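Here the structure is laid out as structure tokens; the discussion comes afterwards.
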Amino acid sequence: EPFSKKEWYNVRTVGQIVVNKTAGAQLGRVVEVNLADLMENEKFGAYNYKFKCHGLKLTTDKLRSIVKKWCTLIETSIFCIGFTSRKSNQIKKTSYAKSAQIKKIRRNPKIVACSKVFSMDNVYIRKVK
Amino acid sequence: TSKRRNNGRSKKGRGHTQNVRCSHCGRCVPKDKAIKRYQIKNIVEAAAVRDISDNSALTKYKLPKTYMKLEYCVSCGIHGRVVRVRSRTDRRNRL
Amino acid sequence: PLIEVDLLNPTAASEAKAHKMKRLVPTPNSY
Amino acid sequence: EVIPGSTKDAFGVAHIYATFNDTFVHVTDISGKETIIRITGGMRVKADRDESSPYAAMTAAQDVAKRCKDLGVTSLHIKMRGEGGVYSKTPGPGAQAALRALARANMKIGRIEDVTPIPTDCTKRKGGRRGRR
RNA sequence: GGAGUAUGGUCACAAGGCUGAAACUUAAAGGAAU
RNA sequence: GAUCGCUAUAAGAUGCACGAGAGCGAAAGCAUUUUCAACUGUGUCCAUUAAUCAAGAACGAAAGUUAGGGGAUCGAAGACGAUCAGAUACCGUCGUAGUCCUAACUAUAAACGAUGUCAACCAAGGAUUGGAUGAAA
RNA sequence: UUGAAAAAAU
């Protein structure tokens with residue numbers, strides 16, 4: 001029998017982790033959980049947390065989604081991301097920042113009010129180590 | 001002779017551009033000459049989204065979508081039916 | 001241009017628009 | 001009766017790795033270090049061309065459910081992935097077939113996610129300048 | 001076509017680069033469009 | 001005890017998405033963040049100092065050469081397995097030189113806009129990169 | 001996935 005030696009433990013306690021029964025329980029395990037599950041609210045669903053018996057990270061869905069084709073991506077380092085935004089009256093398709101302008105921009109991110117330097121909308125913290 | 005005014009690329013005031021890899025062949029193709037396509041697809045297809053939502057462990061989960069940018073060489077683009085051989089007058093059309 | 005205008009006597013407004021060296025008699029924009 | 005090492009309802013993580021040559025249905029615990037059951041598409045067919053077919057992928061996705069229900073696991077966090085290192089980031093034909101077959105067995109499906117490894121800046125790709133002719 | 005070939009000169013460790021013919025052969029070789 | 005999964009190590013190499021008929025450069029070329037050139041401005045200075053250039057001289061992708069370090073991935077040569085009439089090829093697997101850095105060579109490309117450099121004139125229109133100048137907060 | 005070749009002048 002393969003599972004007769006297994007014992008279960010506990011860690012919102014968010015779940016259980018199996019472990020071999022002690023012999024002649026070892027538990028620096030890393031557990032990745034969603035911030036929505038921890039806070040029981042779906043408004044935090046776009047985040048992933050790590051706990052060691054640590055760090056966080058934006059979900060892979062959200063990071064790809066917020067990348068737009070005709071703007072400028074700004075990154076720094078705690079990792080931050082940003083994108084130059086459009087405007088209500090703006091007509092030209094592409095809203096890029098100058099190189100000189102970019103260097104100035106380098107639980108809530110309100111970082112945005114840099115609104116005196118350029119128009120920014122998609123500001124997130126995508127990772128903490 | 002000249003089948004195209006831009007010679008099929010999109011490079012005007014530069015001399016060199018980095019190569020990329022055709023998504024179906026792995027052929028080294030220049031960045032500006034590559035056939036660029038952007039795909040946004042749901043991870044769960046329409047034929048299965050009913051079952052997933054049916055026995056779902058969450059309350060109001062909003063299913064995600066993928067985002068991948070594909071680049072093809074010309075030979076793989078035509079064969080893959082991504083692009084077609086247009087009419088002589090329709091070549092100029094750029095929409 | 002194709003719609004031809006007088007060259008010897010430019011209009012008062014037209015010489016204000018044009019480049020300082022491209023006026024009929026180049027004059028600066030300073031004081 | 002109650003199998004030793006089994007528990008009540010619990011949450012697992014189902015890593016589905018579907019290339020165009022095979023498909024893996026691998027379920028672990030929440031930590032990811034202990035595995036409950038791992039069944040590929042190859043252990044379910046004879047011909048090597050059917051190691052990735054939807055039928056093989058779906059059949060392997062049924063025994064995983066059966067083992068999980070016996071061992072107390074009732075809901076899985078899906079983590080879909082294809083061979084997307086530098087090669088095609090498109091999960092193969094059995095990617096959806098196994099995923100649906102899991103939920104078709106009254107197995108609650110938690111968060112779903114695409115964890116295909118997207119290279120930031122990669123190495124060379126196999127094939128050469130002129131691709132695979 | 002022979003041919004960027006033979007010879008002479010020169011450069012390079014080398015592969016080779018630069019300068020560079022003739023004998024002979026043949027009614028076409030070629031460009032864009034229908 | 002493979003494929004697979006989580007967690008940590010040390011090099012090498014790369015610089016995705018943003019990334020565009022956008023920018024810079026004499027051309028080759030240049031993409032992780034923290035000396036020179038050019039455009040605009042100018043009741044500033046010199047006053048023909050300019051243009052093109054046999055000879056001559058710098059820079060000149062990739063490959064290649066020599067000597068060290070590096071040596072992850074890929075891979076001229078090569079070895080196998082297929083397909084085939086044959087396959088010394090395309091297809092699959094492994095793999096030496098090479099692919100990276102330093103120093104010295106080499107000096108060629110479908111090195112292309114197949115379009116020499118400089119100057120004058122020249123129909124209509126929309127859009128764009130960087131200044132200047134009015135309004136629009 | 002395999003498909004090589006078709007004498008000279010009229």
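By order of appearance in the structure tokens: chains A, B, ..., then residues from 1 within every chain, and ligands from 1 in the order shown.
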**Request:** Restrict the distance test to only C-alpha atoms (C1' of nucleotides), flag each residue of chain F within 10 Å of chain B, and return the flagged residues as a ChimeraX atom specification.
**Result:** /F:17,19-25,27-31,61,113
Residue 60 in chain D: which residues within 8 Å, counting only C-alpha atoms (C1' of nucleotides), same-chain residues fewer than 2 positions away excluded, as a compact mmCIF listing (two decimals) with N, CA and C atoms, in the first residue's frame?
```
# COMPACT_ATOMS: atom_id res chain seq x y z
N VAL D 25 -1.32 14.22 -16.49
CA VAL D 25 -2.31 14.62 -15.51
C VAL D 25 -1.71 14.33 -14.14
N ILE D 39 -0.72 10.22 -13.80
CA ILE D 39 -1.01 9.34 -14.92
C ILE D 39 -0.83 10.13 -16.20
N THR D 40 -0.03 9.60 -17.12
CA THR D 40 0.17 10.23 -18.41
C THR D 40 -0.78 9.64 -19.43
N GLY D 41 -0.77 10.22 -20.63
CA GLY D 41 -1.54 9.65 -21.72
C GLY D 41 -0.94 8.39 -22.30
N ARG D 44 -2.01 4.65 -21.16
CA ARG D 44 -3.39 4.28 -21.41
C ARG D 44 -3.64 3.77 -22.82
N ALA D 56 -7.06 9.20 -25.01
CA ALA D 56 -6.05 8.82 -24.03
C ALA D 56 -5.97 9.84 -22.91
N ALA D 57 -6.00 11.13 -23.26
CA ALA D 57 -5.95 12.17 -22.24
C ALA D 57 -7.18 12.12 -21.34
N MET D 58 -8.36 11.89 -21.92
CA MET D 58 -9.57 11.86 -21.11
C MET D 58 -9.63 10.60 -20.25
N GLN D 62 -9.76 10.14 -15.89
CA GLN D 62 -10.80 9.50 -15.11
C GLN D 62 -10.24 8.72 -13.92
N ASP D 63 -9.13 8.01 -14.11
CA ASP D 63 -8.52 7.29 -12.99
C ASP D 63 -7.97 8.26 -11.95
N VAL D 64 -7.48 9.42 -12.38
CA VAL D 64 -7.02 10.42 -11.43
C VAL D 64 -8.16 10.84 -10.52
N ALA D 98 -8.61 16.55 -20.87
CA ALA D 98 -8.40 16.10 -19.49
C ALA D 98 -9.06 17.04 -18.50
```
**Message:** Taking only C-alpha atoms (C1' of nucleotides) into account, find every residue of chain E that has an atom no more than 12 Å from chain B, and write it out as a PyMOL selection string.
**Reply:** chain E and resi 31-33
Residues as selected, N, CA, C and O atoms (P, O5', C5', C4', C3', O3' and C1' of nucleotides), written as a PDB file, in the first residue's frame, can you do that?
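The resulting again06.pdb:
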```pdb
ATOM      1  P     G E  31      16.494  39.109 -68.021  1.00  0.00           P
ATOM      2  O5'   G E  31      16.111  40.624 -68.300  1.00  0.00           O
ATOM      3  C5'   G E  31      16.651  41.667 -67.506  1.00  0.00           C
ATOM      4  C4'   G E  31      15.951  42.973 -67.770  1.00  0.00           C
ATOM      5  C3'   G E  31      14.446  42.963 -67.593  1.00  0.00           C
ATOM      6  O3'   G E  31      14.053  43.095 -66.244  1.00  0.00           O
ATOM      7  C1'   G E  31      14.992  44.027 -69.620  1.00  0.00           C
ATOM      8  P     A E  32      12.747  42.331 -65.731  1.00  0.00           P
ATOM      9  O5'   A E  32      11.549  43.240 -66.247  1.00  0.00           O
ATOM     10  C5'   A E  32      11.385  44.573 -65.794  1.00  0.00           C
ATOM     11  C4'   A E  32      10.274  45.261 -66.542  1.00  0.00           C
ATOM     12  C3'   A E  32       8.976  44.481 -66.657  1.00  0.00           C
ATOM     13  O3'   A E  32       8.148  44.603 -65.519  1.00  0.00           O
ATOM     14  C1'   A E  32       9.583  45.283 -68.777  1.00  0.00           C
ATOM     15  P     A E  33       6.741  43.839 -65.474  1.00  0.00           P
ATOM     16  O5'   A E  33       5.775  44.751 -66.349  1.00  0.00           O
ATOM     17  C5'   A E  33       4.429  44.372 -66.576  1.00  0.00           C
ATOM     18  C4'   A E  33       4.045  44.529 -68.023  1.00  0.00           C
ATOM     19  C3'   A E  33       3.165  43.430 -68.587  1.00  0.00           C
ATOM     20  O3'   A E  33       1.801  43.595 -68.260  1.00  0.00           O
ATOM     21  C1'   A E  33       4.938  43.835 -70.070  1.00  0.00           C
TER      22        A E  33
END
```
**Request:** Determine, counting only C-alpha atoms (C1' of nucleotides), which protein, DNA and RNA residues have an atom within 10 Å of an atom of residue 84 in chain D; residues of the same chain fewer than 5 positions away are not included. Present the result as an MDAnalysis selection string.
**Result:** chainID D and resid 19 89:91 115:119
Could you write those residues out with C-alpha atoms, as an mmCIF file, in the first residue's frame?
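New file selection-v3.cif:
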```cif
data_model
loop_
_atom_site.group_PDB
_atom_site.id
_atom_site.type_symbol
_atom_site.label_atom_id
_atom_site.label_comp_id
_atom_site.auth_asym_id
_atom_site.auth_seq_id
_atom_site.Cartn_x
_atom_site.Cartn_y
_atom_site.Cartn_z
ATOM 1 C CA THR D 19 2.338 18.732 -25.612
ATOM 2 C CA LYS D 89 3.374 27.816 -26.063
ATOM 3 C CA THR D 90 0.147 26.176 -27.247
ATOM 4 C CA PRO D 91 -1.050 23.302 -25.030
ATOM 5 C CA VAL D 115 1.701 28.477 -16.144
ATOM 6 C CA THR D 116 3.359 27.802 -19.478
ATOM 7 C CA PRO D 117 6.935 29.036 -18.963
ATOM 8 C CA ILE D 118 7.302 32.280 -20.915
ATOM 9 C CA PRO D 119 11.024 33.047 -21.358
#
```
**Message:** Could you tell me which residues of chain A sit within 8 Å of chain D when counting only C-alpha atoms, and give me the result as a ChimeraX atom specification?
**Reply:** /A:3-8,15-19,29-32,60-61
Store the residues of this selection in a file with N, CA and C atoms, as a short mmCIF file (atom, residue, chain, number, x, y, z; two decimals), in the first residue's frame.
```cif
data_model
loop_
_atom_site.label_atom_id
_atom_site.label_comp_id
_atom_site.auth_asym_id
_atom_site.auth_seq_id
_atom_site.Cartn_x
_atom_site.Cartn_y
_atom_site.Cartn_z
N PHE A 3 -0.08 4.62 0.20
CA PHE A 3 -0.51 5.77 0.98
C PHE A 3 -0.70 5.46 2.46
N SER A 4 -0.44 4.22 2.89
CA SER A 4 -0.63 3.86 4.28
C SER A 4 0.37 4.53 5.21
N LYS A 5 1.45 5.09 4.68
CA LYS A 5 2.47 5.75 5.49
C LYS A 5 2.26 7.25 5.60
N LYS A 6 1.22 7.79 4.97
CA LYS A 6 1.06 9.23 4.86
C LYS A 6 0.31 9.80 6.06
N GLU A 7 0.73 10.98 6.50
CA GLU A 7 0.06 11.73 7.54
C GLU A 7 -0.22 13.13 7.04
N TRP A 8 -1.29 13.74 7.55
CA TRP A 8 -1.76 15.03 7.08
C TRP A 8 -1.65 16.08 8.18
N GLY A 15 -5.31 25.10 4.20
CA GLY A 15 -5.32 23.79 3.59
C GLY A 15 -4.47 22.82 4.37
N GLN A 16 -4.29 21.64 3.78
CA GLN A 16 -3.57 20.54 4.40
C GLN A 16 -2.43 20.08 3.51
N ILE A 17 -1.37 19.58 4.13
CA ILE A 17 -0.18 19.11 3.43
C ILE A 17 0.15 17.70 3.92
N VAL A 18 0.36 16.79 2.98
CA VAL A 18 0.69 15.41 3.32
C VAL A 18 2.16 15.34 3.71
N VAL A 19 2.50 14.34 4.53
CA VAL A 19 3.89 14.10 4.88
C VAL A 19 4.03 12.64 5.28
N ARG A 29 8.43 23.97 3.84
CA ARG A 29 7.56 23.87 2.68
C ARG A 29 7.04 25.24 2.27
N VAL A 30 6.88 25.43 0.97
CA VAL A 30 6.35 26.66 0.39
C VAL A 30 4.96 26.37 -0.15
N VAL A 31 4.00 27.20 0.23
CA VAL A 31 2.61 27.04 -0.19
C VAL A 31 2.18 28.30 -0.92
N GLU A 32 1.70 28.14 -2.15
CA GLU A 32 1.24 29.25 -2.97
C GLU A 32 -0.28 29.32 -2.92
N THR A 60 -0.35 35.19 -13.50
CA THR A 60 0.12 35.25 -14.88
C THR A 60 -0.94 35.81 -15.82
N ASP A 61 -2.22 35.58 -15.51
CA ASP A 61 -3.29 36.14 -16.34
C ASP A 61 -3.23 37.66 -16.35
#
```
**Asked** as number ranges by chain, which residues of range 8-121 of chain D does DSSP assign to strand (DSSP E)?
**Response** D: 10-18, 23-28, 35-40, 73-81, 108-109
Those selected residues, please, written with N, CA and C atoms and delivered as an mmCIF file, in the first residue's frame.
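New file part-v5.cif:
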```cif
data_model
loop_
_atom_site.group_PDB
_atom_site.id
_atom_site.type_symbol
_atom_site.label_atom_id
_atom_site.label_comp_id
_atom_site.auth_asym_id
_atom_site.auth_seq_id
_atom_site.Cartn_x
_atom_site.Cartn_y
_atom_site.Cartn_z
ATOM 1 N N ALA D 10 -10.704 17.846 0.547
ATOM 2 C CA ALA D 10 -9.475 18.619 0.605
ATOM 3 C C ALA D 10 -9.207 19.191 -0.776
ATOM 4 N N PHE D 11 -8.215 20.069 -0.843
ATOM 5 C CA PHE D 11 -7.878 20.780 -2.066
ATOM 6 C C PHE D 11 -6.533 20.301 -2.587
ATOM 7 N N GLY D 12 -6.513 19.869 -3.847
ATOM 8 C CA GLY D 12 -5.295 19.529 -4.540
ATOM 9 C C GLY D 12 -5.020 20.504 -5.674
ATOM 10 N N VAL D 13 -3.879 20.296 -6.319
ATOM 11 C CA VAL D 13 -3.464 21.107 -7.457
ATOM 12 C C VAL D 13 -3.167 20.167 -8.614
ATOM 13 N N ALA D 14 -3.842 20.375 -9.738
ATOM 14 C CA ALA D 14 -3.731 19.502 -10.899
ATOM 15 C C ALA D 14 -2.898 20.200 -11.964
ATOM 16 N N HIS D 15 -1.685 19.708 -12.181
ATOM 17 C CA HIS D 15 -0.816 20.230 -13.227
ATOM 18 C C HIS D 15 -1.030 19.395 -14.480
ATOM 19 N N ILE D 16 -1.550 20.021 -15.530
ATOM 20 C CA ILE D 16 -1.820 19.351 -16.794
ATOM 21 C C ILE D 16 -0.812 19.853 -17.816
ATOM 22 N N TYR D 17 0.043 18.954 -18.290
ATOM 23 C CA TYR D 17 1.111 19.281 -19.229
ATOM 24 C C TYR D 17 0.811 18.557 -20.532
ATOM 25 N N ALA D 18 0.272 19.281 -21.504
ATOM 26 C CA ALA D 18 -0.162 18.698 -22.769
ATOM 27 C C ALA D 18 0.701 19.251 -23.894
ATOM 28 N N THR D 23 0.624 13.815 -22.810
ATOM 29 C CA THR D 23 -0.160 14.638 -21.894
ATOM 30 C C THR D 23 -0.043 14.065 -20.490
ATOM 31 N N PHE D 24 0.245 14.925 -19.519
ATOM 32 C CA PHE D 24 0.434 14.521 -18.134
ATOM 33 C C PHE D 24 -0.686 15.083 -17.274
ATOM 34 N N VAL D 25 -1.319 14.219 -16.494
ATOM 35 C CA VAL D 25 -2.311 14.624 -15.508
ATOM 36 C C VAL D 25 -1.709 14.331 -14.142
ATOM 37 N N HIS D 26 -1.124 15.349 -13.525
ATOM 38 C CA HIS D 26 -0.365 15.202 -12.293
ATOM 39 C C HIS D 26 -1.014 16.059 -11.221
ATOM 40 N N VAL D 27 -1.448 15.426 -10.134
ATOM 41 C CA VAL D 27 -2.078 16.119 -9.017
ATOM 42 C C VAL D 27 -1.186 15.976 -7.794
ATOM 43 N N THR D 28 -0.949 17.085 -7.109
ATOM 44 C CA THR D 28 -0.216 17.106 -5.854
ATOM 45 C C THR D 28 -1.088 17.745 -4.779
ATOM 46 N N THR D 35 2.879 14.027 -4.202
ATOM 47 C CA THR D 35 1.974 13.786 -5.313
ATOM 48 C C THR D 35 0.973 12.699 -4.949
ATOM 49 N N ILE D 36 -0.284 12.923 -5.323
ATOM 50 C CA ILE D 36 -1.337 11.951 -5.052
ATOM 51 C C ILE D 36 -1.323 10.846 -6.098
ATOM 52 N N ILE D 37 -1.522 11.213 -7.361
ATOM 53 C CA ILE D 37 -1.473 10.262 -8.466
ATOM 54 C C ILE D 37 -1.021 11.008 -9.713
ATOM 55 N N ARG D 38 -0.159 10.368 -10.498
ATOM 56 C CA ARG D 38 0.349 10.940 -11.740
ATOM 57 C C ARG D 38 0.159 9.914 -12.845
ATOM 58 N N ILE D 39 -0.717 10.220 -13.796
ATOM 59 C CA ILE D 39 -1.008 9.342 -14.919
ATOM 60 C C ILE D 39 -0.828 10.132 -16.204
ATOM 61 N N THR D 40 -0.029 9.599 -17.117
ATOM 62 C CA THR D 40 0.174 10.231 -18.408
ATOM 63 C C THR D 40 -0.784 9.643 -19.434
ATOM 64 N N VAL D 73 -9.379 13.722 -1.613
ATOM 65 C CA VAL D 73 -9.333 14.942 -2.406
ATOM 66 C C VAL D 73 -10.599 15.039 -3.244
ATOM 67 N N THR D 74 -11.266 16.192 -3.178
ATOM 68 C CA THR D 74 -12.495 16.411 -3.924
ATOM 69 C C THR D 74 -12.455 17.618 -4.846
ATOM 70 N N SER D 75 -11.514 18.540 -4.660
ATOM 71 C CA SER D 75 -11.424 19.729 -5.493
ATOM 72 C C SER D 75 -9.970 20.001 -5.845
ATOM 73 N N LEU D 76 -9.737 20.439 -7.081
ATOM 74 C CA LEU D 76 -8.393 20.647 -7.600
ATOM 75 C C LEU D 76 -8.232 22.049 -8.161
ATOM 76 N N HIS D 77 -7.067 22.638 -7.920
ATOM 77 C CA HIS D 77 -6.654 23.864 -8.586
ATOM 78 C C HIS D 77 -5.926 23.487 -9.869
ATOM 79 N N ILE D 78 -6.501 23.833 -11.006
ATOM 80 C CA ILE D 78 -5.897 23.478 -12.283
ATOM 81 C C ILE D 78 -4.777 24.458 -12.604
ATOM 82 N N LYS D 79 -3.676 23.937 -13.144
ATOM 83 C CA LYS D 79 -2.533 24.745 -13.569
ATOM 84 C C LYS D 79 -2.102 24.242 -14.941
ATOM 85 N N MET D 80 -2.703 24.799 -15.986
ATOM 86 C CA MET D 80 -2.480 24.317 -17.340
ATOM 87 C C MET D 80 -1.133 24.796 -17.866
ATOM 88 N N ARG D 81 -0.533 23.991 -18.739
ATOM 89 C CA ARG D 81 0.796 24.300 -19.244
ATOM 90 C C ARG D 81 1.084 23.452 -20.472
ATOM 91 N N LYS D 108 -14.936 19.316 -7.949
ATOM 92 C CA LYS D 108 -14.972 20.774 -7.937
ATOM 93 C C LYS D 108 -13.656 21.346 -8.445
ATOM 94 N N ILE D 109 -13.745 22.350 -9.308
ATOM 95 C CA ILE D 109 -12.581 22.940 -9.956
ATOM 96 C C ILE D 109 -12.357 24.324 -9.372
#
```
Closest-contact table, chain B side, partner chain A, 10 Å, counting only C-alpha atoms, as CSV:
```
residue,atom,partner,partner_atom,distance
B:40,CA,A:65,CA,9.3
B:58,CA,A:37,CA,9.2
B:59,CA,A:42,CA,8.6
B:60,CA,A:42,CA,7.3
B:61,CA,A:42,CA,7.5
B:62,CA,A:42,CA,9.2
B:63,CA,A:61,CA,9.7
B:64,CA,A:61,CA,6.3
B:65,CA,A:61,CA,6.8
B:66,CA,A:61,CA,6.8
B:67,CA,A:64,CA,6.1
B:68,CA,A:64,CA,8.4
```
**Prompt:** Residues at most 12 Å from residue 4 in chain G, counting only C-alpha atoms (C1' of nucleotides), excluding those fewer than 5 positions away in the same chain, as number ranges by chain?
**Reply:** F: 84-86
**Message:** as a list in words, please: every residue in range 61-118 of chain D that a backbone DSSP assignment puts in alpha helix (DSSP H).
**Reply:** residues 61, 62, 63, 64, 65, 66, 67, 68, 69, 70, 94, 95, 96, 97, 98, 99, 100, 101, 102 and 103 of chain D
**chain A residues near chain F (12 Å cut-off, only C-alpha atoms (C1' of nucleotides)) as a ChimeraX atom specification** = /A:27-32,52-53,63-77,81-84,91-99,102-103,106
What's the 10 Å shell around residue 82 in chain B, counting only C-alpha atoms (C1' of nucleotides), without same-chain residues fewer than 6 positions away, as a tab-separated table (two decimals) with N, CA and C atoms, in the first residue's frame?
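Resulting contents of around.tsv:
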```tsv
chain	number	residue	atom	x	y	z
B	35	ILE	N	5.56	38.25	-39.83
B	35	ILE	CA	4.11	38.36	-39.86
B	35	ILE	C	3.62	38.24	-38.42
B	36	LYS	N	3.11	39.34	-37.88
B	36	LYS	CA	2.78	39.44	-36.47
B	36	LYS	C	1.29	39.27	-36.26
B	37	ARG	N	0.91	38.35	-35.38
B	37	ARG	CA	-0.48	38.13	-35.03
B	37	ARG	C	-0.62	37.99	-33.53
B	72	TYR	N	5.36	34.69	-37.70
B	72	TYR	CA	5.60	33.66	-38.71
B	72	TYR	C	6.51	34.20	-39.79
B	74	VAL	N	7.28	34.21	-43.91
B	74	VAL	CA	6.34	34.35	-45.01
B	74	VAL	C	5.88	32.98	-45.50
B	76	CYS	N	5.72	30.11	-43.91
B	76	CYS	CA	4.81	29.48	-42.97
B	76	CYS	C	3.51	30.25	-42.85
```
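Using only C-alpha atoms (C1' of nucleotides), the residues found no farther than 9 Å from residue 17 in chain E, other than those of its own chain fewer than 3 positions away, are residues 11 and 12 of chain E; 107 and 108 of chain F.
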Residues from last step as file, C-alpha atoms (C1' of nucleotides), as a PDB file, in the first residue's frame:
```pdb
ATOM      1  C1'   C E  11      48.817  43.178 -48.940  1.00  0.00           C
ATOM      2  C1'   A E  12      47.902  38.776 -45.335  1.00  0.00           C
TER       3        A E  12
ATOM      4  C1'   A F 107      38.507  43.582 -45.293  1.00  0.00           C
ATOM      5  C1'   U F 108      34.643  40.783 -47.932  1.00  0.00           C
TER       6        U F 108
END
```
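All chain D residues having an atom within 7 Å of chain B, based on only C-alpha atoms, amount to residues 75, 88, 96, 100, 103, 104, 106, 107, 108, 109, 110, 125, 127, 128, 129, 130, 131 and 132 of chain D.
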Selection above as a file: C-alpha atoms, as a PDB file, in the first residue's frame:
```pdb
ATOM      1  CA  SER D  75     -11.424  19.729  -5.493  1.00  0.00           C
ATOM      2  CA  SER D  88       5.175  26.345 -29.070  1.00  0.00           C
ATOM      3  CA  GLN D  96      -8.912  20.634 -22.601  1.00  0.00           C
ATOM      4  CA  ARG D 100     -13.243  18.723 -18.811  1.00  0.00           C
ATOM      5  CA  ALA D 103     -14.956  18.376 -13.892  1.00  0.00           C
ATOM      6  CA  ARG D 104     -17.220  15.809 -15.565  1.00  0.00           C
ATOM      7  CA  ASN D 106     -18.214  15.744  -9.984  1.00  0.00           C
ATOM      8  CA  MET D 107     -14.802  17.122  -8.984  1.00  0.00           C
ATOM      9  CA  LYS D 108     -14.972  20.774  -7.937  1.00  0.00           C
ATOM     10  CA  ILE D 109     -12.581  22.940  -9.956  1.00  0.00           C
ATOM     11  CA  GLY D 110     -10.905  25.778  -8.099  1.00  0.00           C
ATOM     12  CA  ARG D 125      16.103  27.434 -30.539  1.00  0.00           C
ATOM     13  CA  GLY D 127      16.398  24.095 -36.048  1.00  0.00           C
ATOM     14  CA  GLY D 128      18.891  26.579 -37.424  1.00  0.00           C
ATOM     15  CA  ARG D 129      18.524  29.644 -39.593  1.00  0.00           C
ATOM     16  CA  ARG D 130      16.220  27.963 -42.108  1.00  0.00           C
ATOM     17  CA  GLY D 131      13.853  26.332 -39.634  1.00  0.00           C
ATOM     18  CA  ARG D 132      12.487  22.808 -39.932  1.00  0.00           C
TER      19      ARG D 132
END
```
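The smallest atom-to-atom distance between chain C and any of F:65, F:42, F:102, F:52, using only C-alpha atoms (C1' of nucleotides), is found for F:42.
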**Message:** Please find the residues of chain F near chain D - the criterion being any atom within 7 Å, counting only C-alpha atoms (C1' of nucleotides) - and write them as a list in words.
**Reply:** residues 5, 6, 13, 14, 15, 16, 73, 74 and 90 of chain F
**Item:** Shell around residue 27 in chain C at 12 Å using only C-alpha atoms (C1' of nucleotides), local window under 5 positions removed, as an NGL selection string
**Value:** (:C and (15-16 or 18-22)) or (:F and (43))
Atoms kept (N, CA and C atoms (P, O5', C5', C4', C3', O3' and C1' of nucleotides)) for selection, written as a PDB file, in the first residue's frame:
```pdb
ATOM      1  N   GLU C  15       2.996  87.845 -43.756  1.00  0.00           N
ATOM      2  CA  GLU C  15       4.383  88.007 -43.341  1.00  0.00           C
ATOM      3  C   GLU C  15       4.575  87.754 -41.853  1.00  0.00           C
ATOM      4  N   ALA C  16       3.498  87.766 -41.069  1.00  0.00           N
ATOM      5  CA  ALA C  16       3.601  87.400 -39.663  1.00  0.00           C
ATOM      6  C   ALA C  16       3.715  85.894 -39.478  1.00  0.00           C
ATOM      7  N   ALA C  18       5.018  83.594 -41.748  1.00  0.00           N
ATOM      8  CA  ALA C  18       6.153  82.950 -42.387  1.00  0.00           C
ATOM      9  C   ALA C  18       7.389  82.983 -41.494  1.00  0.00           C
ATOM     10  N   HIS C  19       8.365  82.155 -41.854  1.00  0.00           N
ATOM     11  CA  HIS C  19       9.620  82.101 -41.120  1.00  0.00           C
ATOM     12  C   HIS C  19      10.357  83.428 -41.245  1.00  0.00           C
ATOM     13  N   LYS C  20      11.110  83.774 -40.201  1.00  0.00           N
ATOM     14  CA  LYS C  20      11.702  85.106 -40.131  1.00  0.00           C
ATOM     15  C   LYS C  20      12.653  85.359 -41.291  1.00  0.00           C
ATOM     16  N   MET C  21      13.398  84.341 -41.716  1.00  0.00           N
ATOM     17  CA  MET C  21      14.287  84.514 -42.856  1.00  0.00           C
ATOM     18  C   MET C  21      13.572  84.365 -44.188  1.00  0.00           C
ATOM     19  N   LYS C  22      12.348  83.850 -44.194  1.00  0.00           N
ATOM     20  CA  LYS C  22      11.609  83.628 -45.426  1.00  0.00           C
ATOM     21  C   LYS C  22      10.633  84.750 -45.743  1.00  0.00           C
TER      22      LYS C  22
ATOM     23  P     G F  43      17.815  87.802 -33.566  1.00  0.00           P
ATOM     24  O5'   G F  43      18.113  89.336 -33.271  1.00  0.00           O
ATOM     25  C5'   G F  43      18.713  90.168 -34.253  1.00  0.00           C
ATOM     26  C4'   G F  43      20.001  90.775 -33.764  1.00  0.00           C
ATOM     27  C3'   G F  43      20.230  90.714 -32.256  1.00  0.00           C
ATOM     28  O3'   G F  43      21.622  90.549 -31.998  1.00  0.00           O
ATOM     29  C1'   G F  43      20.214  92.967 -32.967  1.00  0.00           C
TER      30        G F  43
END
```
**chain C contacts on chain F, only C-alpha atoms (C1' of nucleotides), 12 Å, as a PyMOL selection string** = chain F and resi 41-43+122-124+132-134
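For the pair CA of residue 10 in chain C and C1' of residue 40 in chain F, the interatomic distance is 26.3 Å.
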